[PDB]
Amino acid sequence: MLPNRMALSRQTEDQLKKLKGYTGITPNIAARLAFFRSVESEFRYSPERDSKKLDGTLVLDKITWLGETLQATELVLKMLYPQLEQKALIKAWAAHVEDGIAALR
């Protein structure tokens, strides 16, 4: 399942920062909304072709990232990645946040 703390990639963090400056939305709230936007599009994560590293500056607590959407987020990851282990599941979460935020255009 999901670990106590995680980080996004730098590539993702920077886009969250731009979104922060354009809208009021804080990186954690924005990462939640981007996750939802991504999971309801065609984008799906696959381990055998992931190479991107979570080199992000901010390593927040799971509860801080996900707030009162934790259970809903863990449900979604569970349905879409039934066979991934904790280390892959973080990548999928992060890949989804990257995709969702990228889609802001």
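Residue numbers here begin at 1 and follow the sequence given.
Engineer: Pick between 15-23 and 84-92: the one whose mean CA B-factor in the entry is higher.
Structural biologist: Per the PDB record, 84-92.
Engineer: Where do the C-alpha atoms have the higher mean temperature factor in this entry, in 62-70 or in 45-53?
Structural biologist: Between 62-70 and 45-53, it is 45-53.
Engineer: Ranking every modelled residue in this chain by its Cα temperature factor as given in the entry, which third contains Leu104?
Structural biologist: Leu104: CA B-factor falls in the highest third of its chain.
Engineer: Compare the C-alpha B factor of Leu75 with those of the other modelled residues in its chain, then answer lowest, middle or highest third.
Structural biologist: It falls in the top third of the chain.
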